[PDB]
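With ideal geometry, Cβ positions are generated from the backbone for all residues, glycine too; neighbour counts draw on all protein chains shown. Readers should treat all values here as calculations from the given coordinates under stated rules, not as data from a laboratory.
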Amino acid sequence: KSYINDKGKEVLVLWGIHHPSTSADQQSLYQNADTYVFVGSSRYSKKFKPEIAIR
Amino acid sequence: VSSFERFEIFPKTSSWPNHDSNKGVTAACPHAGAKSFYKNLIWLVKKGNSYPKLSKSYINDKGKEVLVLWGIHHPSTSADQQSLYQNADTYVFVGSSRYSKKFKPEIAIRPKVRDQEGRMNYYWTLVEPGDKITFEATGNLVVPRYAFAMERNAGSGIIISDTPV
């Protein structure tokens, strides 16, 4: 899903990445043992990877 | 910089017999309309339909610190990854006496910037005299072509103005 800045001002966008404690938790919430997250814009480019471990 | 000399660290015509050193052009860096690329860098692609594991080393033999620049390309789609390097999974490692880092391409589509949806991350390091720099990759590597031997002068800055010289 994409959004285009249409308000004429700089837009502050906040998002979070969740790191599950166990592999069962990973499958319990997202159903995929392996997942990837990518956020991209005209200047920002980074791909995230969940780190599944108990803290 | 006290002294600045340009020597061909990795010659284009003889350093990459297993990889294509002439298809590395794109529409984002044009020259006289035709697609071109950075003159000091070579965008190595698969030579036909094969990209064997690449390894080539240079030893600083000029007596001065050598500035080496290289880039890492992140394809937009998996088809693009197989179209240029023939390997869905590739790794890039650069190692010297002090530098040690392994890169991993991040394949994802980005918003178009100069008609490009892929990203190219550039890197640099300094090689002291009597040191060797080693390049290792199975793909997604932009090999250097020209290197600079230099001696930094302590201090000085950069002036940003339209005043003539």
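Observations
- Ordering of B:144-156, A:34-46 by packing [mean C-beta count within 10 Å, highest first]: B:144-156, A:34-46
- Computed FRET value (nearest 0.05) for residue A:7 with residue B:99, which takes r as the C-beta separation and R₀ as 45 Å: 0.55
- Chain A - mean residue ellipticity at 222 nm from DSSP helices (-39,500 (n - 2.57) per run, n ≥ 4, rounded to 500): -3000 deg cm²/dmol
- For region B:56-61, the Karplus equation 6.51 cos²θ - 1.76 cosθ + 1.60, evaluated at θ = phi - 60°, returns couplings of 8, 10, 10, 10, 5, 10 Hz by residue, with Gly and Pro reported as x.
- Length gained when the stretch residue B:136-residue B:79 is fully extended (0.36 nm per residue, less Cα-Cα span): 18.2 nm
- Net charge of neighbours whose Cβ lies under 13 Å from the Cβ of residue B:106, counting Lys and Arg as +1 and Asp and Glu as -1: +3
- In order through region B:125-141: 3J(HN,Hα) via Karplus (6.51 cos²θ - 1.76 cosθ + 1.60), integer Hz, x for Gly, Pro: 7, 10, 10, 6, x, x, 9, 10, 10, 10, 10, 9, 6, 9, x, 6, 10
- Cα pair distances exceeding 12 angstrom across chain A, given as percent: 74
- Residue-count net charge about residue B:35 - beta-carbon cut-off 15 Å; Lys, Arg +1, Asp, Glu -1: +1
- Residues whose amide H falls under 5 Å from that of residue B:120, counting only those 5 or more places apart or on a different chain, are B:74, with hydrogens built in the peptide plane.
- The H on the amide N of residue A:48, modeled in the peptide plane, is under 5 Å from the matching H of A:37, A:38, A:39, each at least 5 residues off or on a different chain.
- Rounded to the nearest whole Hz, the Karplus-based 3J(HN,Hα) values (6.51 cos²θ - 1.76 cosθ + 1.60, θ = phi - 60°) of region A:32-48 follow the sequence 10, 5, 10, 9, 9, 10, 10, 10, x, 9, 5, 10, 9, 8, 8, 10, 9, with x at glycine and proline.
- Taking amide H atoms as placed 1.01 Å from N in the peptide plane, the amide H of residue B:29 lies under 5 Å from those of B:36, each 5 or more residues away in sequence or on another chain.
- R0 of 35 Å, Cβ-Cβ distance residue A:17-residue B:29: FRET efficiency to nearest 0.05: 0.55
- Subtracting the Cα-Cα distance of residue B:109 and residue B:65 from 0.36 nm times their residue separation leaves 12.1 nm of extension gain.
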